[PDB]
Every structure is written in structure tokens, then in C-alpha cells.
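Engineer: Need coordinates for the following:
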Amino acid sequence: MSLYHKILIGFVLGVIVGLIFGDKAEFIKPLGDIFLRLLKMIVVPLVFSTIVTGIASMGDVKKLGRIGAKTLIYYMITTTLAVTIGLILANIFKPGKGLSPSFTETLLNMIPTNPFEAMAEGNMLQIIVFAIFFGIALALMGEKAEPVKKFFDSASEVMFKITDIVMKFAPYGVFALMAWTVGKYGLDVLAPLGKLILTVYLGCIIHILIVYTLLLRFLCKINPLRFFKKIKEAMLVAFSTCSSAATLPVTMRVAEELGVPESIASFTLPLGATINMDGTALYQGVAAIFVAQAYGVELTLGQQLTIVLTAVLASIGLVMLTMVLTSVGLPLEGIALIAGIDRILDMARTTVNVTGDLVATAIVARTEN
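Structural biologist: Numbers count the residues shown, from 1 in each chain. Here you go:
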């Protein structure tokens with residue numbers, strides 16, 4: 001037996017129970033909530049320890065700068081590609097037819113005024129910034145940082161052990177989540193928006209198979225089939241959990257199983273999970289086109305171009321869409337139509353997000369080795 005097969009069995013059984021039990025499957029919700037709580041309990045300390053120990057291991061600060069620049073460039077390019085794919089798909093298909101602070105301030109507040117305040121509030125960007133500073137400091141001092149460096153390395157190992165412990169509960173948590181979701185979102189809810197569901201799922205699948213797969217094949221020069229076969233656990237947990245932050249422990253678990261240098265995975269994975277929301281951008285574009293079609297607004301290519309920029313910026317899930325709608329002028333009431341099926345879309349959004357994070361890690365690791 002294996003952890004993945006147990007998780008897969010739990011997923012299938014949860015789907016079956018949710019179908020047969022239907023609405024009465026909410027009785028199982030607490031079990032899934034326990035799993036989500038356990039997953040989220042590990043993110044902060046794991047993120048900090050892993051980032052610090054990864055940057056410390058590098059020893060070359062100049063190297064970290066190249067990795068960061070390449071990772072950011074990749075995130076921007078792939079998010080733009082995701083929005084483009086979403087717009088093209090929502091234009092070729094027509095799901096909507098027939099239905100009816102300042103940026104400069106946001107760049108600030110990424111610098112914590114109090115590291116412990118950021119830790120307590122779970123401010124991921126601030127924690128990442130402080131962890132980068134801490135790791136750079138550790139890398140630049142060397143021998144003088146041995147106690148703190150060793151403590152944080154051991155802490156990272158301990159948090160990975162904890163992630164291993166909780167993942168043993170993963171089959172039952174995934175069973176509960178799938179049962180609850182399939183019970184709550186009955187076919188009646190999907191019937192009117194089946195076009196949108198198909199469009200979003202197909203957009204995500206096309207992104208995975210055309211952007212990620214071709215990149216892995218041609219730039220990384222590595223097979224995509226084994227890549228997915230290795231990261232299967234992370235994708236499945238992201239699909240079941242509907243949150244990149246809660247799935248981050250599993251992505252970081254599988255990243256080392258992938259064999260990329262642990263420093264590279266450690267530095268990038270949390271940052272991407274916080275920013276690299278490719279699936280979210282694709283869904284935002286799809287929803288913008290959907291509401292435009294629903295209300296009969298024939299957005300021009302000039303207007304469609306604005307969607308790309310606004311969706312790319314929005315990443316730095318349903319609430320964020322309002323900015324995309326406002327930017328080009330679609331009525332904000334269109335949120336109500338999609339609000340009833342948000343979780344089903346979130347599943348694919350988070351799956352694509354985690355897949356993109358792992359693909360980015362593979363690309364940046366391969367580029368320098």
C-alpha cells in the first residue's frame with residue numbers, strides 16, 4: 001500500500017458517499033475540518049524554518065538573487081499565459097450567453113513592522129520577507145550563526161516529520177471533504193452553470209497540458225509524465241483542500257521527493273504558493289468574459305487586453321474577482337451567479353496553482369544545473 005493510493009481510495013469513496021447520501025453528507029464535515037486545521041497548523045513555522053535553512057544552505061547570496069529574479073519572471077509570464085488561455089477559452093465557448101489600496105501601499109506592508117506580529121497574524125508575505133532577510137543574514141555570517149542555523153534546520157526537519165504524521169490522516173480528511181462537497185453541490189446547482197464549470201475545468205486542463213507540460217518538456221528537458229506521477233499527492237491534496245496555503249506542506253514534502261536542490265525548493269515554494277495563482281488568474285479571466293456575455297457587453301480586443309493586465313496584477317478567491325470586473329466595467333452583480341458554485345472552481349484553481357509552483361521550482365532548479 002501507499003499514502004497516495006489510500007488518499008485516492010478515500011477521495012473516490014467520499015465522492016461515492018456524497019452522491020448516494022447526498023445532502024445528508026454534511027454530517028461528516030467536522031472530520032474534514034480537522035484535516036484542514038491540522039494542515040494549516042504547520043504552514044507558518046514550516047515556511048519560516050524551510051526558507052531560513054534553504055537560504056542558509058546556499059551560502060552564495062548572489063545566487064539567491066538570480067533564483068528570485070527568474071522565479072518572479074516565470075510567475076509573471078505564466079500568469080499572463082493563464083489569463084490569455086482563459087480569455088481565449090471563454091471566447092470560443094460562451095458560458096455567459098443566455099444567462100442574466102494603492103499598489104505602492106500594497107508593496108509596503110510586505111515588510112513586517114513586527115516579525116512576531118506577522119507570525120501571529122499569519123501574514124505570509126511578511127513572514128517570507130523576514131525569512132529571506134534572516135536567511136541572508138545567516139548566509140553572510142557563516143560560523144557565527146551555527147547555533148541558530150542548526151536549530152532552524154532541525155526545526156524544518158521536525159515540521160516535515162509533523163507533516164508526515166498528519167498526512168496519515170489524509171485519506172479520511174479527503175474522504176470527508178469530498179463527501180461534504182459532493183453532498184452540498186447537487187446537480188441542480190450545476191445544471192444552469194454547467195457551461196461555466198466545463199469552461200473553467202477545460203481551461204485549467206489546457207493550461208496544465210500546454211503551458212506546464214511543454215515547458216517541462218522543452219526548457220527543463222525532463223519528462224512531464226514522471227513529473228506528474230511524482231507530484232500526484234500534492235495535486236490531489238490541493239484539489240481536495242481548495243487552498244494553496246494548507247497544501248503547502250504537501251508541496252514541500254513532494255518537492256524533496258522530486259530531488260530538486262532543497263534550498264531552491266524551500267526558497268520558492270512558499271513564495272509561489274502565496275503569489276503564483278495561475279489558476280486564479282485563469283478563472284478570473286473566464287468569469288469576466290462570462291459575466292460580459294451574460295449582460296451582453298461585447299468587450300473589444302482593447303478591452304480584453306485590459307483583463308490580462310488587471311488579472312496579472314490581482315494576484316498581488318471569489319472576492320479578488322471584483323477588481324477584474326470593476327477594471328473594465330462589468331456589473332458587479334454577476335458575482336452572485338457564480339457564488340453558488342465557487343468551491344468547485346476553487347478546486348481546479350488551487351490544483352493549477354500548486355502545479356505551477358512545482359513547475360516553477362523545476363524550471364529554476366534546472367536552469368542552473
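
Engineer: For the one helix or strand residue 150 maps to, list the C-alpha coordinates in CSV.
Structural biologist: In the assignment (DSSP states H and E), residue 150 maps to helix 146-167. Output in CSV follows, covering the C-alpha atoms of helix 146-167 (Å, rounded to 0.1, in the frame of the first residue of the first chain):
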residue,chain,number,x,y,z
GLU,A,146,25.9,27.8,13.8
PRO,A,147,23.6,27.6,16.8
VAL,A,148,20.7,29.4,15.1
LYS,A,149,21.4,27.8,11.7
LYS,A,150,21.4,24.2,13.2
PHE,A,151,18.3,25.0,15.3
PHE,A,152,16.3,26.1,12.3
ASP,A,153,17.5,23.1,10.2
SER,A,154,16.3,20.8,12.9
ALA,A,155,13.1,22.7,13.2
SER,A,156,12.5,22.3,9.5
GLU,A,157,13.1,18.6,9.8
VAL,A,158,10.7,18.4,12.8
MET,A,159,8.0,20.3,10.8
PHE,A,160,8.4,17.9,7.9
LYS,A,161,8.0,15.0,10.4
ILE,A,162,4.8,16.6,11.7
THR,A,163,3.5,16.9,8.1
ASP,A,164,4.3,13.2,7.7
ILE,A,165,2.3,12.5,10.9
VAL,A,166,-0.8,14.5,9.9
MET,A,167,-0.8,13.1,6.3
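
Engineer: Quick one: distance of the following helix or strand past it to the chain centre.
Structural biologist: Reading on from helix 146-167 to the C-terminus, the next helix or strand found by DSSP H and E is helix 170-184. Distance, stretch centre to chain centre, for helix 170-184: 20 Å (C-alpha atoms, centre = their mean, to the nearest Å).

Engineer: So which elements touch the helix or strand following helix 170-184?
Structural biologist: The C-terminal neighbour of helix 170-184 among helices and strands, as given by DSSP H and E, is helix 187-206. Secondary-structure packing of helix 187-206 (3 or more C-beta pairs under 8 Å, 6 or more residues apart in numbering; DSSP states H and E): helix 61-92, helix 278-294, helix 334-339, helix 342-367. No exception for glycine: its C-beta is placed from N, CA and C like everyone else's.

Engineer: so which of those gets nearest residue 120?
Structural biologist: Proximity to residue 120 (C-beta to C-beta) singles out helix 342-367 among the helices and strands packed on helix 187-206, at 25.0 Å.
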